[PDB]
Structures are given as structure tokens and as C-alpha cells.
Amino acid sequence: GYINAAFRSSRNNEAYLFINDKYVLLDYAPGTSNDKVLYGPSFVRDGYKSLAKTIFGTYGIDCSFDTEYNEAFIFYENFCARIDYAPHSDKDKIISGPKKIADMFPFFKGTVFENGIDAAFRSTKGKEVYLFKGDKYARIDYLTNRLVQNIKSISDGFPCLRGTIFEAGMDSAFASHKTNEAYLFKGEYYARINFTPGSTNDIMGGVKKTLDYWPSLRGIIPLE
């Protein structure tokens, strides 16, 4: 029972983490030791009343990403939705969906991403987003609803993850609040990377046991 989906919050140094059919709010503090759970662990149906009577409320969220403002895309199997998550409030809503992925992001029809996406994080370049399913990754523009490039292996786009357990799959991801950085999660292992849009940039090697560096997740992962 580990991290399944994350998206960066619009509130500085904060992130939402989705585990099983549950979620937590966290001050993941990249520049500090002072890490901490802000809200939860709660059920998605309880925390997000907008999602209470949906498949997400029943099953949780297996992939998500920050777009802009207080908005983020959330997925579960072949369906997905845009919602406003309303940081620290009641006032959270469904904006778009729930649609199938192939109706939200048409270009995905015919590919591995059509029946489900593993994880995803917001790129620093414009309205761009990187997504992961299996051992391939996509580069999209959610605003113009197009694929910026052909879908290639994580090994090809991200050379730093070669020879790491992250080479054949990522369970969860989110972008840091710091420039060109994102976190990746697979099982009990995590890594902080420094990504440059449109490059074969290596670094880093920092594959660490998640509980070792996230003090405030002991008791939550592994969620039994």
C-alpha cells in the first residue's frame, strides 16, 4: 500500500498524496527537515464531497497532476476528471468529466495510456505535462490537447533513471515547488530528479527508501 498518485499544490511546499482510496495533505518541505502532514489521512469521499458519489470516492485516485491555479487532473483506470481541489476548504468542484481518457485526451486513443496512466507531474515549461504508464512516457500540452512528441521509453527521455528500479515503471509522481525538480515513487523507494524540458539531462542518483527521508509518512505507508 504505497503512494499511487500525487499532484503539486498551489500552496507553497504542499502536496496531496493518494494512497489506496485515501489521501493526505502534506508540507513535504524540500528545503527543510520540518516535514509534516497537514490534513488526513482521510477518505476521498469524506475530504472531497465533490467526489463522494463517484468512482474516485469508491476507489481512490491512481494518477494526478497539477495544471494551473487550484486545478488538477485526476484519474482511475480509463476515466479521469478535472477538478478544482480548493486548498483548505469545502469549496471543491468537478470542472471537467468524468470522461474516459480517450475523450479527455483524444491523442491517447490507440496507446497504452488509454486504459490507464501510472503517474504524472507538471513540467515547468508552459502548459506541459509528463505522464507515465509502464516503461514509456508522454509529453503533452493539456491546454491545446496535443502530444508534443512521440511516446518513448523513460530510459530514452530520462537517462538518469537507467539501471534503477524506476526504469520499468512509476507508481506515483509530483513536481517540486523548486525549479526543474520532481519526485518519483515506486513501492518504498523514491527519488528527486532535476528535469530540463527538452534535454537528455542526467541527474540525479538519489534513490532512497521513502520512510528514511519522509519522517511524516511512518504509519501511513505502507497503508494496510
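Numbers follow the displayed sequence, beginning with 1. What we label the rigid core is the largest C-alpha set whose atoms superpose within 1.5 Å from one form to the other.
Visitor: If you line up the core and then measure how far each C-alpha sits from this form in 4 other deposited structures of this protein, which stretch comes out higher, 30-38 or 157-165?
Guide: After superposing on the rigid core, the more displaced stretch in 4 other deposited structures of this protein is 30-38.
Visitor: Stretch 14-22 versus stretch 196-204: after rigid core alignment, which one is farther off in C-alpha RMS in 4 other deposited structures of this protein?
Guide: The more displaced stretch in 4 other deposited structures of this protein turns out to be 196-204.
Visitor: On average, which has the higher Cα B-factor in the deposited entry, 58-66 or 166-174?
Guide: Looking at the recorded C-alpha B-factors, 166-174 comes out higher on average.
Visitor: Given the B-factors recorded for C-alpha atoms, which segment has the greater mean, 78-86 or 134-142?
Guide: Mean CA B-factor is higher for 134-142.
Visitor: I'd like to know which of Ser42, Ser155, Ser50, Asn194 has the highest C-alpha temperature factor in the PDB entry.
Guide: Out of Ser42, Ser155, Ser50, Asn194, the record gives the largest C-alpha B-factor to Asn194.
Visitor: Within this chain, which third does the Cα B-factor at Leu25 fall in: lowest, middle or highest?
Guide: For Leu25, the deposited C-alpha B-factor lands in the middle third.
Visitor: Taking the C-alpha B-factors as the PDB entry records them, is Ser9 in the lowest, middle or highest third of its chain?
Guide: It belongs to the middle third of the chain when residues are ordered by C-alpha B-factor.
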